[PDB]
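So this first bit is one chain, no partners, the form deposited in one PDB entry, shown in structure tokens.
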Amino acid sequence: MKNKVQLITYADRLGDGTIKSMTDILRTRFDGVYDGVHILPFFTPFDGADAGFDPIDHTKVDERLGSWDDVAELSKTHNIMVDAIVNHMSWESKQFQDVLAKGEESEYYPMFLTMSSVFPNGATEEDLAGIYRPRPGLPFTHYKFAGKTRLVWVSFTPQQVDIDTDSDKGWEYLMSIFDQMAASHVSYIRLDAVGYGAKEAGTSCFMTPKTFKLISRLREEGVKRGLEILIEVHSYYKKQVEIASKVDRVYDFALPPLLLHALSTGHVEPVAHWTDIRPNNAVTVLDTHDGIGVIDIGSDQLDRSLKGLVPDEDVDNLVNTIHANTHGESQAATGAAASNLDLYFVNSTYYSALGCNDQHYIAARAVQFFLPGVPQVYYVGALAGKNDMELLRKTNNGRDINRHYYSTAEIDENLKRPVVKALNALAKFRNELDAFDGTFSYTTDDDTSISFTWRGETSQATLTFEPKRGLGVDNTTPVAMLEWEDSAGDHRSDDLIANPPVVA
């Protein structure tokens, strides 16, 4: 994966509402800032229950957004990341509908998992009780094949039926997705829910040895077609290190809450600990299209005795600090859980979660960019966007607080803001200084300071991070200082908003 900053966006929420327009914005408003883009699911339909992640036909661009030719056009200037939903598909798909009608006589019967597919011999209570669940209850719902009631395996909703990724028909379907992505010159494939894609009786059915076999099989199919795969898994931070040592690339989901904690408390030991052990074959983010995940630095949720990167209490204080910093907005957007250790995510933009503090926000991005891994900026954060309470009240979907629709006019207005201009200059710096294509090191005081250093062929840069200096949502003291060396010698910026860095 290219070592340049990327944008994460919906095609329809950045510009006039189409892939073509989104491409226009990227090329004219963000030249040299974002060199690639993750286009969130744009298949048919894009505007369903789960905002693109529940398509009926994964292989067809929603014609309201554009066409595969539009993707191919974009590929001429940007590396493109797209989602491949490999674990399940719509119960309204023609394949599953054919099974409801014809049952075992269906061409696609072997394509879908039932309880019997995994447990042809029965299941004990321990067999079912042990399955790792992203949703309450057991992963089964009732469908009638012809007229016989079957328990279909459903990891998420009853409308999303799990495919047998070991079946010929299942693999044929997955490769039809890969083939279309290759034909339109996609570079990167985000494998959604791949951690659930392998079922094996007696195991948790989540990231088991069979799952890694499945991931390695997808990788090889991808390389044959010019595709690189990326896995998206939220798990206890020790699992994450284990997982990343077996796959090409993962997300760094610990960093977003680690930086909220650091900027709110002044403590840098957790960030230093994570820097020391974290997987470096990573994609770095602060915001995503989902909520801010706190699961990723807390205790293991199956065995709470495995403690996270900060004590349980600091996990709880991180949730409540977002609530305070947003003056209740994220409370309205986040469903309660009777305890914040039971939370998985907090619904809020990252800018709003920091209380809209520009110095803190740019510092957070700077740390992101200086840690090994490919950085991504979510489009709301690219525009330093505040919680969208109007859309939230209109849709009652909590995650829409962080999914504002940006018209081209709103984009240009926000490009006028010094915090946004600081972020664009910072990404340009991260793309243009060859120090980042070199070797990484870091030093630390104890709990006061941590310095990230990249030394390359013709350049060097060191980012010092001191949240202790500017505690408080209203503070204007910089907490990130920058020094670097380029063609024009030694340079320094003690304020990344007022004196954003530029490379010779």
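Basically, rigid core = biggest C-alpha set you can superpose within 1.5 Å across the two forms. The first residue of the sequence shown is number 1, and the count goes up from there.
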item: Stretch with the higher entry mean CA B-factor, where the candidates are 445 to 453 and 459 to 467; value: 445 to 453
item: Of 104 to 112 and 371 to 379, the stretch whose C-alpha atoms average the higher B-factor in the entry; value: 104 to 112
item: Highest-ranked of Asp358, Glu313, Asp290, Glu329 once sorted by CA temperature factor in the record; value: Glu313
item: Out of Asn121, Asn431, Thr165, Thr265, highest CA B-factor residue; value: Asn121
item: Chain-wide C-alpha B factor ranking for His38, given as lowest, middle or highest third; value: lowest
item: Cα B factor band for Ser21 (lowest, middle or highest third within the chain); value: middle
item: Third assignment of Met207 from its chain's C-alpha B-factors; value: middle
item: Ranked C-alpha temperature factor of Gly472 among modelled chain residues, by third; value: highest
item: Chain third (lowest, middle, highest) by recorded CA B-factor, residue given as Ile229; value: lowest
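We do not show the form deposited in another entry, though everything after this point is about it.
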item	value
Of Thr284, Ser106, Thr321, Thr334, the one whose Cα moves 2 Å or more between this form and the one not shown after core superposition	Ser106
C-alpha of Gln160 moved at least 2 Å between this form and the one not shown on rigid core	yes
Shift of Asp127 between this form and the one not shown at or above 2 Å (CA, core fit)	yes
Post core alignment: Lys210 C-alpha displaced by 2 Å or more between this form and the one not shown	yes
Direction of the Cα shift between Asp296 and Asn340 in that other deposited form, where the change is 3 Å or more	farther
Pair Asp474/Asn340, Cα separation in that other deposited form versus the displayed form, closer or farther by 3 angstroms or more	farther
